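Structure assessment
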Amino acid sequence: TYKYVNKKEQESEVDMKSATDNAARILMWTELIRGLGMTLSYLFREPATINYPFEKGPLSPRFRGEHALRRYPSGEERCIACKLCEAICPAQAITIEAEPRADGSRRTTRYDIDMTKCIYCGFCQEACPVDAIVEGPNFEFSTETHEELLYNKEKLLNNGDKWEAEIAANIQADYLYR
Amino acid sequence: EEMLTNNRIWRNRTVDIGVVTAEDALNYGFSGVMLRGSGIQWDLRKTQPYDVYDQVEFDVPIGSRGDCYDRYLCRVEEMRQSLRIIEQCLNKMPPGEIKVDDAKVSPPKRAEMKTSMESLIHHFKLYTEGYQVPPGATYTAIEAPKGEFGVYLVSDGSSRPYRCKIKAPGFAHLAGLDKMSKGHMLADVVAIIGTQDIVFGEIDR
Amino acid sequence: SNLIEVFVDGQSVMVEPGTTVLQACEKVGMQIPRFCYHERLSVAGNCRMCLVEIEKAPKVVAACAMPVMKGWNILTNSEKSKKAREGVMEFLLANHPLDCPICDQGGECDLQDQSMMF
Amino acid sequence: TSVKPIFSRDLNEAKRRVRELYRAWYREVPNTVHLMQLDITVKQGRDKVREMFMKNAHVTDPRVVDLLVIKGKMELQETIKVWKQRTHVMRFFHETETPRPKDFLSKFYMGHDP
Amino acid sequence: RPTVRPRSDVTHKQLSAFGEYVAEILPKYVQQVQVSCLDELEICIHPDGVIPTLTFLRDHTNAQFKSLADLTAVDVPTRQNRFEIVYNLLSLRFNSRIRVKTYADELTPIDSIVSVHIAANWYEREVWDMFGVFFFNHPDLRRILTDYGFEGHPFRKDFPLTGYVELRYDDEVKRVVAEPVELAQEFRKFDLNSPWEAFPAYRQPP
Amino acid sequence: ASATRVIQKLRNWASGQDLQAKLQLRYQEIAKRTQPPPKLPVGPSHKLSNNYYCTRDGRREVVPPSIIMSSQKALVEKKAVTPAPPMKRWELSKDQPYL
Amino acid sequence: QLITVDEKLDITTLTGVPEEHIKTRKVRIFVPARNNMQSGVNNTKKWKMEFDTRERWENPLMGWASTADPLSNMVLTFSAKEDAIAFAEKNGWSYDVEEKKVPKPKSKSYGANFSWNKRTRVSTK
Amino acid sequence: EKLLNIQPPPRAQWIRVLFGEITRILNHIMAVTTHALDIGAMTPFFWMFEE
Amino acid sequence: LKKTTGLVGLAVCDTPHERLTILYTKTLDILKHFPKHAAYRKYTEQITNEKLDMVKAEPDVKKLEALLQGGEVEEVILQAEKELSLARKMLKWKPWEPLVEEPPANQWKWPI
Amino acid sequence: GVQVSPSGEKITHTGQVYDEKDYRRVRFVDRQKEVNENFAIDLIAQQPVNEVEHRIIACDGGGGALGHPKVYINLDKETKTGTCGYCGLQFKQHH
Ligand code: SF4
Ligand code: SF4
Ligand code: SF4
Ligand code: FES
Ligand SMILES: [Zn+2]
């Protein structure tokens, strides 16, 4: 199947019945009207604008945005320094130097993202075998400084100490689904 | 198409413009829209089918009279003849599996890495080390909107590749920029850019 | 001269006596998996992961211990030398606690691979 | 060692092919500085140029020299035209970065730099 | 068998027999035609016979390969002729592909193909930009991808990832000036190359 | 929506086709959020028997290429050859032939 | 046609690499060690040519680690030692070789764990 | 997938074609319209970039 | 009869069986210069005689296409010019020369 | 609910506050030091021990598909208790 887009040139014995219809398509302009009267329809249509800060648009619960370190329902920081949430991070964005916690347990002393790195690709929320790191619906976190985006860990907990009311409902509709 | 494809301001701005000779395209290797728009009947999706395109019952909108209006009409009808493809790619989706059965080439189910041991280890090595391809080499291809997008990926037993390379189909379309704009003025050169589809990122690396 | 013709998928190797099948296969490169064995510790077949079908045998041998006699041809990538492993590693991984991210030896585990490889 | 030669034979034929290039750069310091404004007058621009040819005099291989002419012609072909800017032409000079101590004694008051 | 990309045995022989067709017809400068399990052809040759095989493949009925797609340059900095330069073509008439690769040192230039395939006007040039491999008889060789003052040839495996310069704006001169390289994070070379060959009967004995 | 049963006839007269049924944007009867939680299908080889890795290993069925000259090793009436049948001129696109 | 020459085959002008990373840059050619944690040995059979290391200071803002030498993370896989020196000499870098460390072929007889006479009589089987 | 020698399953192949020719629809809309902008027509651009 | 080709720039230049013959016949006549043993010479003869048996017999072009596979005859005509240059351009070259110029060892063993 | 330096700055989970003689405190001038008051080590001892039956069990983080891969413990230590490295829970044997 191959389809000629433009094959209509055939000598149809162009007579005054029709050959002037092209001159009716010309000097008495109609094709231009046809292209104009269309546009005039839309100004009598429903403009799909939306008053953003008062009318924000649609997302879905898998939206890749700002990171956050989740926490178990009983305190207890959920991140445990596996060190594959940077080994996969293609931006090479992360440093998660760690230690024992002085409880004998296993947690971090360090965690990082350069959010100007961090392509927001989604490898880390899914590679995390614990859902300790996730990537939540914030996308109004523009700042005036390249430095205020270099989220260390205390921001990135207390961020995770904020949207946990929200993430635990999107993820509630996204477990048994990946 | 009510508005543009019978529009004087479009047609005589566009027709007879950038007349591409068929056998010269191949010397330049356009190999996308920019040759089928001059009558070289060709499409990998039907001439070298790879995926489930084998059962779709669609069509290739060839362009004769090489000019950036018959490229344009190809570019339109290729939008339409997705919808024949969609309707056929929509009403017979089979129930099945995703992220191939093998846990060495796909990550496993997140509920399944969490009890079944082996699925955990692969999850720990996929996302650190990865596939461990065999050495070898290919030159794939696919007709994107641009044309024959393809990759000369080259491998080694290490998990990482060894000089991948990207075939930017526009990369050849743009080398023909200074041959198809010969005996033509400025204002259409703008149109030449659009009807070579300079989505630069292909062009740029 | 104190050397024995031994075959590994057709190789015409010659090896001293009292040598395992590993010390033969190790020459070429048919590196066999290992959990009970070290190159310096005493031999003890407890893991039973280094199995292989010697040619013309219904039974496999623990290559860590089985010395090498004349005329023996090995099949390291046989069906029967992989069934002997896909089962074994699928035994070990029934009492193991899935602690890899906890585990100190993430990429330095000689089991994570040998569950992937085989 | 019975190599394939390119664009010349043993060095002393390639040394005039050099001079075809100095024959252009020596006449294209004044054309650049005026057409695209700069700080150098004409001369220290010419000192820099010869200061690059008195870096590669150590060469002894015709194939290498027959190659280095080319990359000079490219930069010339980029310089003779306005494809460069005031930042590219004035880039060779290393104007800004402090030259490190070539001696020993000041070289390690900063930097573990053997 | 479901998950193995079915071999389709037949076209191996087409590309094998045709692989022989090009050898005995052109025994000069042709070494080890081969083919991978992926039924795709490869033809290694000597640089002095580049064009006469291309023009056989652009201009011959049984090898209408009149459309070029790439011209890369692959590094192997352990042999003599480190730069494997690769061609790859296509028949619109026969519906198949080929690969015609060669070799060079850092200086053993290769005569160009632009009389044959003008598609290679710029593919040839990036290799000059990216590897420093001169070509004979190429119109208007010059840089493409690099800055107009970038020394080096970076896709060489000798050139580090973050190169030897970084640019910025030193306000005292009102320019986009360059000074040496001074990172903040230090790209972290990992040892993701495990033991265990993973591919026996496909390997290197000592 | 609030189209007052005149401008519809102004739109359509000014544009053509009855387009209140195929309007630009969406209101209702679509994507009624929070569809129920699905129990996915499973892939094959969750079958517990006759399921080894040998009968699925895609990556060990490859081998090295099959060299055919090997300028030192092998180096080895007859009809002409092409890499395939020269494939067809296809068809002429029934049901929409000349657009 | 051809031409005769026997010279050192210098290339150091065709790379940039202005002055510091030519001369004052040692190079180590070796067969990497067996990661003694793992009993696997495929990282051998090769001739990695990593280069010396220099300053890695601490970025005072973030705690990040940063450098000046881009030429530090510069692995290169070769296949024979005779080819490596030819590659590094071809760019004038002061190579510093380490030789292979082949392990010996050792006799390990299982039965000798269970001797009457001898002293290798193991315990715990 | 060629090198690894795997056909992915149908349902994944199947959707790989679907978006594989919705992306076809994008670039046409992005170079039908932008080819109209720089020529001058700015309207269909906005009619589509809700679509 | 044939109005236009599907292609563009490849004009008609009508009356096949006339330019197609003279080209093929000349290719053979440019041959008889090569060696008998040079393997190029003993294949094109099979190409052309195969093709020329079918133009020398059939006057109908519609059925001449789909018979020397490769339609749009004027593309086949152009293809004969394309063959023609190759031969004469290749006599100055020498494909039938003795064995290869012996590349170096370990120059293609890929996995490194 | 954190402990504070004599210079007056906030301590993290880790003892991390800069000494007095440190130019780094500049960055906090006309700003403030972000910190989470929710030390895990304080929250976790504020969690009762789950005194179960049989010596060996499985643990989870509240949803088997939703955290804490199914590790086990040997609860033979009547002296101390057994933990799971993911969580910070503790367990006894009841006997
Ligand atoms: S974010 Fe997840 S994967 Fe990364 S260290 Fe924390 S628990 Fe491990
Ligand atoms: S989303 Fe992707 S790029 Fe961003 S931090 Fe996670 S892994 Fe890295
Ligand atoms: S890294 Fe190895 S030893 Fe540690 S938990 Fe994983 S499989 Fe077990
Ligand atoms: S590896 Fe344990 S029996 Fe050989
Ligand atoms: Zn737990």
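Each chain carries its own residue count, beginning from 1 and running in the order its sequence is written; this scheme need not agree with the entry numbering, and residues with no coordinates do not appear. Throughout, the order in which chains and ligands are written sets their labels, letters from A for the former and numbers from 1 for the latter. These chains belong to a larger assembly; the values given apply solely to the chains on display. Side-chain metrics in this entry use all non-hydrogen atoms of the structure; hydrogen atoms and water are not considered. Residues with missing side-chain atoms are left out of burial classes, side-chain pairs and their counts.

For this deposition, the record names cryo-EM as the technique by which the model was determined and cites 3.9 Å as its resolution.

**Observations concerning the overall build of chain G**
Here is the rule we go by: Each helix corresponds to a stretch of at least 4 residues labelled H or I by DSSP, and each strand to a stretch of at least 2 residues labelled E; elements are numbered beginning at the N terminus. Based on C-alpha atoms, the radius of gyration is set beside the globule rule, defined as 2.2 Å times the residue count to the power 0.38. Categorising residues by exposure relies on relative accessible area from a 1.4 Å probe, with only protein chains included: less than 20% of the type maximum marks a residue as buried, more than 50% marks it as exposed, and the intermediate range marks it as partly exposed. Residues are treated as being in contact if the distance between any of their heavy atoms lies within 4.5 Å. Each accessible area value is a Shrake-Rupley result obtained with a 1.4 Å probe; residue values ignore everything except the protein chains displayed when judging cover. We treat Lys and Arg as the positive residues and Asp and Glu as the negative residues; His and chain ends play no part in the count. All charge positions are set by atom: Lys at NZ, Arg at CZ, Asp at CG, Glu at CD.
When helices and strands are counted, chain G shows two helices and four strands. Walking chain G from its N terminus toward its C terminus, one meets helices and strands in the order α-β-β-β-α-β. The C-alpha atoms of chain G give 23 Å as radius of gyration, which overshoots the globular expectation for 125 residues (14 Å, by more than 25%). With the C-alpha coordinates aligned to their principal axes, the bounding extent of chain G is approximately 75 × 60 × 20 Å. Residues counted as buried form 40% of the 125 residues belonging to chain G. Sequence-distant contacts, at least 24 apart, represent 53% of the contacts inside chain G between residues at least 6 apart. For chain G, the exposed area adds up to about 7400 Å²; of that, 53% sits on carbon and sulfur atoms. Taken together, the 22 basic and 16 acidic charged side chains of chain G have centroids lying 19 Å from each other.

**Observations concerning the coordination of the zinc ion (ligand 5)**
Definition in use: Atoms are scored as donors when they are N, O or S and lie within 2.8 Å of the metal, with 3.2 Å used for Na, K and Ca; no water is included, so coordination may look incomplete. Geometry is assigned from donor-metal-donor angles: four donors are tetrahedral when every angle falls between 85 and 135 degrees, four are square planar and six octahedral when opposite donors sit over 155 degrees apart with all other angles between 65 and 115, and any other arrangement is irregular.
Taken together, the protein donors to the zinc ion (ligand 5) comprise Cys59(J) (SG), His68(J) (NE2), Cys84(J) (SG) and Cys87(J) (SG), at separations of 2.0 to 2.4 Å. Given four donor atoms and angles of 101 to 119° at the metal, the environment of the zinc ion (ligand 5) is assigned as tetrahedral.

**Some details on helix α2 (residues 41-55) of chain I**
So the rule is basically this: Take the residue count of a helix, subtract one, and multiply by 1.5 Å to get its expected span.
Helix length check: α2(I) (15 residues) gives 21 Å between terminal C-alpha atoms against 21 Å at 1.5 Å per residue, within 8%. Regarding α2(I), the residues found buried are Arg41(I), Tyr43(I), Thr44(I), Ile47(I), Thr48(I), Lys51(I), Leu52(I), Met54(I) and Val55(I). Residues of α2(I) that are buried sit in contact with α1 (10-24) of chain E together with α1 (19-30), α3 (61-64) and α4 (73-91) of chain I.

**Quick look at the packing of aromatic side chains**
To be explicit about the condition: Classification of ring pairs rests on two measures: the distance between centres of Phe, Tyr or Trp rings, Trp counted by its six-membered ring, which must be within 6.5 Å, and the angle between planes, read as stacked under 30 degrees, edge-to-face over 60 and tilted in between.
All told, the structure shown has 37 aromatic pairs over all chains when counted by the stated rule. On the basis of an interplanar angle of 35° and a centroid distance of 6.2 Å, the ring pair of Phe141(A) and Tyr151(A) is categorised as tilted. On the criterion of sequence distance, the pair formed by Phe141(A) in the loop between β4 (133-136) and α4 (154-158) and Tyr151(A) in the loop between β4 and α4 is long-range, its members being 10 residues apart. Relative accessible area serves as the criterion here: at 15%, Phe141(A) is assigned to the buried category. One aromatic cluster is present, built from ring pairs that chain together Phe7(D), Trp128(E), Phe134(E) and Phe136(E).

**A short note on the sheet that holds strand β5 (residues 100-101) of chain E**
Residue and element names in this part refer to chain E. Convention followed: One requirement defines pairing of two strands: DSSP has to find at least two bridges between them.
Taken together, five strands build an open sheet; the order of strands is β1-β2-β5-β4-β3 and the sheet is mixed. Whereas interior strands pair on both sides, the edge strands pair on one side only; in this sheet they are β1 (30-35) and β3 (70-75). Both β3 and strand β4 (residues 83-88) contribute to a ladder of six bridges, which runs antiparallel. Bridge pairing links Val-74 to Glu-84 in β4.

**Thoughts on the interface of chain B and chain E**
Reports often express the size of an interface as the amount of accessible area lost when the parts come together. Rules: Reported buried area values correspond to the accessible surface (1.4 Å probe) lost by two parts on association, with both partners' losses combined. A carboxyl oxygen of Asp or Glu within 4 Å of a side-chain nitrogen of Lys or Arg is what we treat as a salt bridge. Any pair of nitrogen or oxygen atoms within 3.5 Å is treated as a polar contact; in protein, a donor-acceptor pairing is required on top of that, and neighbouring residues in sequence qualify only through side-chain atoms on both sides.
In this assembly, 37 residues from chain B lie in contact with 40 residues from chain E. Together, the buried faces of chain B and chain E total about 3500 Å²; carbon and sulfur atoms form 57% of this surface. Contact with chain E buries surface across chain B, with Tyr139(B), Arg163(B) and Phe171(B) losing the most and accounting together for 18% of the total. One can count two salt bridges joining chain B with chain E. The partner of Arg97(E) in a salt bridge is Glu148(B), and the shortest N-O contact between them spans 3.0 Å. The tally of links from chain B across to chain E stands at 10 residue pairs in polar contact. Of all the secondary structure elements, the ones that give two or more residues to the side of chain B that touches chain E are α2 (22-28), α4 (44-47), β3 (166-167) and α7 (169-175) of chain B.

**What to know about the nonpolar core**
Note the following rule: The term nonpolar core refers to a set of buried residues drawn from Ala, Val, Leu, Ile, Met, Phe, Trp, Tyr and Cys, joined through side-chain atoms within 4.5 Å.
With 53 residues, the main nonpolar core has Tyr21(E), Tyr87(E) and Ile113(E) as its most contacted residues. Apart from the residues lying within four places of it in its own chain, the contact partners of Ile113(E) are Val50(E), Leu54(E), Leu68(E), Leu71(E), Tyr87(E), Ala120(E) and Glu124(E).

**Considering the sheet that holds strand β1 (residues 50-51) of chain J**
One key point about sheets: their strands pair by backbone hydrogen bonds, in either a parallel or an antiparallel sense. All names here are of chain J. Across the sheet, three strands lie side by side as β1-β5-β4; this open sheet has mixed pairing. Lying at the two open borders of the sheet, with one neighbouring strand each, are β1 and β4 (82-83). As defined by bridge partners, β4 adjoins strand β5 (residues 90-92) across two bridges and the pair is classed as antiparallel. What sits directly across from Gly-82, in β5, is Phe-91.

**Observations concerning the interface of chain B and chain H**
The interface is formed by 47 residues belonging to chain B together with 32 residues belonging to chain H. For the pair chain B and chain H, the summed buried surface comes to about 3700 Å²; carbon and sulfur atoms form 73% of the total. Inspection of the region where chain B meets chain H yields two salt bridges. Two residues, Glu78(B) and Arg24(H), come together in a salt bridge whose shortest N-O distance is 2.8 Å. Where chain B meets chain H, there are nine residue pairs in polar contact.

**Notes on the arrangement of the chains**
Kept free of each other, chain A and chain D leave a smallest C-alpha distance of 25 Å between them. Between chain C and chain D there is no contact, and the shortest C-alpha to C-alpha separation is 33 Å.

**A word on the site of ligand 1**
Rules: A molecule or strand has a residue near it when one of that residue's heavy atoms lies within 4 Å. For this classification, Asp, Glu, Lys and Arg are treated as charged, while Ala, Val, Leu, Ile, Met, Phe, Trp, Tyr, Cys and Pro are nonpolar and the rest, including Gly, are polar.
Surrounding ligand 1, one finds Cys79(A), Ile80(A), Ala81(A), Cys82(A), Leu84(A), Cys85(A), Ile96(A), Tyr111(A), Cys128(A), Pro129(A), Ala132(A) and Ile133(A). For the shell around ligand 1, a count of residues per class yields 12 nonpolar, no polar and no charged.

**Quick look at helix α6 (residues 117-126) of chain B**
Most of α6(B) sits out of view: nine of its 10 residues are buried. Taken together, the buried positions of α6(B) are occupied by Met117(B), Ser119(B), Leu120(B), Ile121(B), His122(B), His123(B), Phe124(B), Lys125(B) and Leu126(B). Against α3 (123-127) of chain A together with α4 (112-116) of chain C lie the buried residues of α6(B).

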